[PDB]
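# So I pulled this structure from the PDB, and the sequence comes with it:
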Amino acid sequence: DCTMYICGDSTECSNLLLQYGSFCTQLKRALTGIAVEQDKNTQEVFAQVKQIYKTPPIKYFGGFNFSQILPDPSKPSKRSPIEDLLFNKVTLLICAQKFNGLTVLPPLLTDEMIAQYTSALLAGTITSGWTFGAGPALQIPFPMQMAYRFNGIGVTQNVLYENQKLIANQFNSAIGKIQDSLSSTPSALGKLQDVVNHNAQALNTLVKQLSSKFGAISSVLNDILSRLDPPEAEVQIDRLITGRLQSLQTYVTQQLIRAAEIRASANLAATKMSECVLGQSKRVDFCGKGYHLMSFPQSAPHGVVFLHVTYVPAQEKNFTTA
Amino acid sequence: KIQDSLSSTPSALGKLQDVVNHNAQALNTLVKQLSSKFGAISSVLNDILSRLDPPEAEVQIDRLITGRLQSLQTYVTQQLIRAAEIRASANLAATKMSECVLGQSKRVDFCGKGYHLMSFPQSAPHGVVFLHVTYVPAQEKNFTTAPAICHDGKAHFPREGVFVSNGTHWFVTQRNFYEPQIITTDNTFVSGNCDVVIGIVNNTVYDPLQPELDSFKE
Amino acid sequence: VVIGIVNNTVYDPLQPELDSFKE
Amino acid sequence: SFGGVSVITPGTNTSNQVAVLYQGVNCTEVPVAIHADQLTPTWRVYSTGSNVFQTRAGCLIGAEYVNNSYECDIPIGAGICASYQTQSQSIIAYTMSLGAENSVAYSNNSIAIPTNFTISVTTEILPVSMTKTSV
């Protein structure tokens, strides 16, 4: 809000501010555009399914334990343990002090709806495979889908059938270390924290900038009116309006660049969700190190987390070839 | 139906219209800013020069110069960001034209929803329009499957397809179009034993060579 | 024409089983 | 106790009713306790007059909640959307719907294979350039 930030709810200050034209209709449009862009960004990534599928009550997929990613009905919210661990690792007088005209708007999509979207994607990708990315979901047993996926990386499907129990045990053991590797290392979710830290620090600096003399008598309007008569107090205060407008311009100027920087990453995340999750990727080092097999998404505050299942050759043996 | 959809819906070409709409109101505001006094006696230079002497005119006209310089700087600052935003989309369009048009793309949901087949470009004012041709499966039908088949105490696997049955006889068919076929010794390959795979079924595999052979060899 | 070729024998499944019975 | 006001309206070519959203202020405050010769906005004819709904994104006046679900028409915030339809036409404020429920059937020895296909053509519009200028 320009009028309250620039002018201390006065009247002659507003009269002088009116002489600067549309230096705030321009400022009130960029922020609204940024907000609309932010609302569209999250919708473009998660809203990729026509309906909301739900997993069948029976959960026996041949030996693979998906309990760590499936929603937990015991909790008040339908959040998996991994999602709760992610949500508990990002922390969002000053917050109640920003009555100078700077507010924060709530996102259109509630977290309990992003959780529903993630659950729908998980159910679709665990029940139907990649067939639901083109049309409707199609039934297929999970071992058959995994054999199909091994058949896509140059390995005969008999390897899975002859090593099903071992592969299931390896997957169960591998998925059991992500929770420990997240609860132990606190810097894993370091990329998401900067997004809120920069936005808090910018507002803090903008608020602190208000207590500047800007080459005038004082930074308090009432103090400068109580000591000088209008004829040159009008000239003196003009410096304050000019300085505050110049300071307020830089905030939106930096926010415009940060919005584009966030949009690039949002587009990258949308591409990753469309390629690695809804199908199988042949691009090298795109859906993780090794040979990509499958992926599962998880919801994080102002972000998304992917889980890549890959294939890595073990111990070797040299030979003689012709 | 593309022509009907374009002629019926009046907001299909909304992305291109915003590009030309954002470049008009910017100039409109840049020219409307000339009526602001910027804390001076008047917004007309001739009026100031006709009402004041040079010693104070050289002070009164500096404020307008500074204000107009700032208003001109803001315009180019915003245009520089819009230029990069347009350039990113231009690069994306170039990549899409290189991939989807001049070949066939295996990337999921890159050149349309479904299985991409072809694409054609069409020119538009300050933009380009693509037409993606895809392939979407129609009505389906559930079946009963089995991972493998064991005839002579040996496991058999489908060379390309999946084993399928209607309830009475087993068949082999491809994965995207129902086409039952008789299981032979060339549609399947043998590997392993008859006690390792889970869910195998007992059945027989036809051999084309043996009947025609012993019929002729006798 | 090939460089580094080696000499060996390739088993033909047709020959033994379709000549022993054809005897 | 300053706040902020937003005007939710349908197309003026269609109707002539508006709904005012007081963002950041709970309903029990001035929104329902406006007084003459006491508040800055001159317009106060809306007053309380029932149809007062509390939302996590502020308090809005002039619409009545309905326990239904439709596609979001005019976003409000925190999962609430408003539109202009019937219940003799008023302004409603429902909750956004993600889609229709669909339970998938899973079995350990079942598969589905299509028998026919369908060819479809979809469009895609991408900007390539912007207007040049000089000053």
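Thanks, I have it. Residues are numbered from 1 along each chain as shown, chains lettered A, B, ... in the order given.

# ok but residue A:121 is inside a helix, no?
Yes. Looking at residue A:121 with DSSP: H, G, I helix; E, B strand; the rest coil, it is inside a helix.

# List the contacts of it.
For residue A:121, the contact set (Cβ atoms under 8 Å, 6 or more residues apart in numbering or on different chains) comprises A:48, A:49, A:277, A:297. To be clear about C-beta, it is placed using only N, CA and C from the backbone, and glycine gets the same treatment.

# who touches residue A:228 in this structure?
A:217, A:236.

# host element of it?
Residue A:228 is located outside every helix and strand, with elements delineated by DSSP states H and E.

# quick one on the thing from earlier: CSV for the contacts of residue A:121, including neighbour count?
Compiled in CSV, these are given as follows (neighbours: other Cβ atoms under 10 Å in any protein chain shown):
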residue, neighbour count
A:48, 18
A:49, 19
A:277, 24
A:297, 22
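
# of the residues you listed, closest to residue A:80?
Closest to residue A:80 out of the contacts of residue A:121 is residue A:297 (11.2 Å), distances taken as Cβ to Cβ.

# helix, strand or coil for the closest one?
Residue A:297 - assigned by three-state DSSP - is strand.

# what about residue D:22, neighbour count?
Residue D:22 has 20 neighbours, counted by other Cβ atoms under 10 Å in any protein chain shown.

# Surely it touches residue D:5?
Yes. Between residue D:22 and residue D:5 there is a contact under Cβ atoms under 8 Å: 6.1 Å.

# Could you check which helix or strand contains the closest residue to chain D within the stretch 201-322 of chain A?
In the stretch 201-322 of chain A, no residue comes nearer to chain D than residue A:267, which is 13.1 Å away by Cβ to the nearest Cβ. Per DSSP H and E, residue A:267 falls inside helix A:230-272.

# Just the C-alphas of stretch B:35-54, formatted as CSV.
These are the backbone C-alpha positions of stretch B:35-54, laid out as CSV (Å, rounded to 0.1, in the frame of the first residue of the first chain):
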residue,chain,number,x,y,z
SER,B,35,1.3,15.6,-17.5
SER,B,36,2.7,15.2,-14.0
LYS,B,37,4.1,18.4,-12.4
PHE,B,38,6.7,16.4,-10.4
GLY,B,39,6.5,19.0,-7.7
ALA,B,40,7.1,22.0,-9.9
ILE,B,41,5.1,25.1,-10.8
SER,B,42,3.8,23.6,-14.1
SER,B,43,4.3,20.7,-16.5
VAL,B,44,5.0,23.0,-19.5
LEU,B,45,8.6,24.1,-20.1
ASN,B,46,7.5,27.1,-22.3
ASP,B,47,5.2,28.3,-19.5
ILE,B,48,8.0,28.1,-16.9
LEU,B,49,10.4,30.0,-19.3
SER,B,50,7.7,32.6,-19.8
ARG,B,51,6.9,33.1,-16.1
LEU,B,52,10.3,33.0,-14.4
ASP,B,53,13.8,34.4,-15.0
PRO,B,54,16.7,32.1,-15.9
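
# interface residues of the stretch 1-150 of chain A facing chain B?
Residues of the stretch 1-150 of chain A found near chain B (Cβ under 8 Å from any Cβ of the partner chain) are A:16, A:19-22, A:26, A:62, A:130, A:133-136, A:138-139, A:141, A:143-144, A:147-148.

# related to what we said a few turns ago, can the helix holding residue A:267 be found next to chain B?
Yes. Helix A:230-272 is in contact with chain B by Cβ under 8 Å from any Cβ, via A:238, A:249, A:253, A:256, A:257, A:260, A:264.

# Filter the residues of the stretch 1-150 of chain A next to chain B down to the buried ones.
The neighbour count (16 or more other Cβ atoms under 10 Å in any protein chain shown) marks A:16, A:20-21, A:26, A:62, A:130, A:133-136, A:138-139, A:141, A:143-144, A:147-148 as buried among these.

# which ones among those residues are found in helices?
A:16, A:143, A:144, A:147, A:148 (DSSP state H).

# closest to residue A:229 among the residues you listed?
residue A:16 (15.5 Å).

# Can you give me the distance of the closest one to residue B:158?
83 Å (Cβ to Cβ, to the nearest Å).

# same question, residue D:131
Taken as Cβ to Cβ, the span from residue D:131 to residue B:158 is 59 Å.

# Could you do residue A:115 as well?
Residue A:115 is 39 Å from residue B:158, where distance means Cβ to Cβ.

# Lovely, talk soon.
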